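See structure below.
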Number of protein chains: 2
Amino acid sequence: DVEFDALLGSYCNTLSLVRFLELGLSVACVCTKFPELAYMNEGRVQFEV
Amino acid sequence: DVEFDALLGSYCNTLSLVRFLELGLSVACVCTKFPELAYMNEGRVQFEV
């Protein structure tokens, strides 16, 4: 007598790394980096009209 | 503990560019200027038909 079980293949996903600038919704904002935001207390921007 | 008082980039400059000749409503005009006018009482225009 000869018997055996088997494994056939092993399949995975690939998580798509998505840079935000790959989108063109980033036209709608000017996205600039603070290295520090949590220590700031005053968040006012001057507008000249 | 760090305290910050930050004013950000004053990203608002409203520009107004005006020229009456860039408007083509000056087709409907005869624009001449007196370099000094207001001394004059009554200018008149003669039509002969």
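Each chain in the structure tokens gets a letter, A, B, ..., in the order shown, and its residues are numbered from 1; ligands are numbered from 1 in order too.
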
### Task
Pull out every residue of chain B sitting within 12 Å of chain A, counting only C-alpha atoms, and send them as a ChimeraX atom specification.
/B:1-16

Quick one: superpose chain B onto chain A using all C-alpha atoms paired in order, least squares, and give it to me as a CSV table (one decimal) with C-alpha atoms, in the first residue's frame.
chain,number,residue,atom,x,y,z
B,1,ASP,CA,-0.7,1.9,-0.2
B,2,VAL,CA,0.8,5.5,-0.2
B,3,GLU,CA,-0.5,8.4,2.0
B,4,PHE,CA,0.5,12.0,1.2
B,5,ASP,CA,-0.1,15.3,3.0
B,6,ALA,CA,0.6,18.0,0.4
B,7,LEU,CA,0.6,21.7,0.7
B,8,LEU,CA,0.6,23.3,-2.7
B,9,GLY,CA,2.0,26.5,-4.0
B,10,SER,CA,0.9,29.5,-1.9
B,11,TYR,CA,-0.1,31.5,-5.0
B,12,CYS,CA,-1.5,34.6,-3.3
B,13,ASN,CA,0.6,37.7,-2.8
B,14,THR,CA,-1.6,40.8,-2.4
B,15,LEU,CA,0.4,44.0,-3.2
B,16,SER,CA,-0.6,47.6,-2.4
B,17,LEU,CA,1.3,50.5,-4.0
B,18,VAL,CA,0.4,53.9,-2.5
B,19,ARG,CA,1.7,57.4,-3.3
B,20,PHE,CA,-0.3,60.5,-2.7
B,21,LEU,CA,1.6,62.4,-5.4
B,22,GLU,CA,0.9,59.7,-8.0
B,23,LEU,CA,-2.7,60.6,-7.2
B,24,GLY,CA,-3.4,63.9,-8.9
B,25,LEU,CA,-5.6,65.0,-6.1
B,26,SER,CA,-2.4,66.6,-4.8
B,27,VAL,CA,-3.2,69.3,-7.4
B,28,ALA,CA,-5.9,70.4,-4.9
B,29,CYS,CA,-3.4,70.5,-2.0
B,30,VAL,CA,-0.5,72.4,-0.6
B,31,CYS,CA,1.3,69.6,1.2
B,32,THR,CA,4.2,70.6,3.5
B,33,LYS,CA,5.4,68.7,6.5
B,34,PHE,CA,6.8,69.8,9.8
B,35,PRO,CA,9.5,67.4,10.8
B,36,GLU,CA,8.3,67.9,14.3
B,37,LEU,CA,4.9,69.6,14.7
B,38,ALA,CA,2.9,68.5,17.8
B,39,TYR,CA,4.7,70.8,20.3
B,40,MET,CA,3.0,73.8,18.7
B,41,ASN,CA,-0.2,75.0,20.2
B,42,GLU,CA,-1.7,77.4,17.6
B,43,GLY,CA,-0.3,78.3,14.3
B,44,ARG,CA,-2.1,81.1,12.4
B,45,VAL,CA,-2.2,82.5,8.8
B,46,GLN,CA,-2.4,86.2,8.1
B,47,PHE,CA,-4.4,87.4,5.0
B,48,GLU,CA,-4.2,91.1,4.0
B,49,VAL,CA,-6.9,92.3,1.6

### Query
Running DSSP on the backbone, which parts of chain A land in helix (DSSP H, G or I), as a PyMOL selection string?
chain A and resi 20-22+25-28

### Task
Taking the chain letters and numbering used in this document, name the residues of chain B that DSSP puts in strand (DSSP E), as a PyMOL selection string.
chain B and resi 4-7
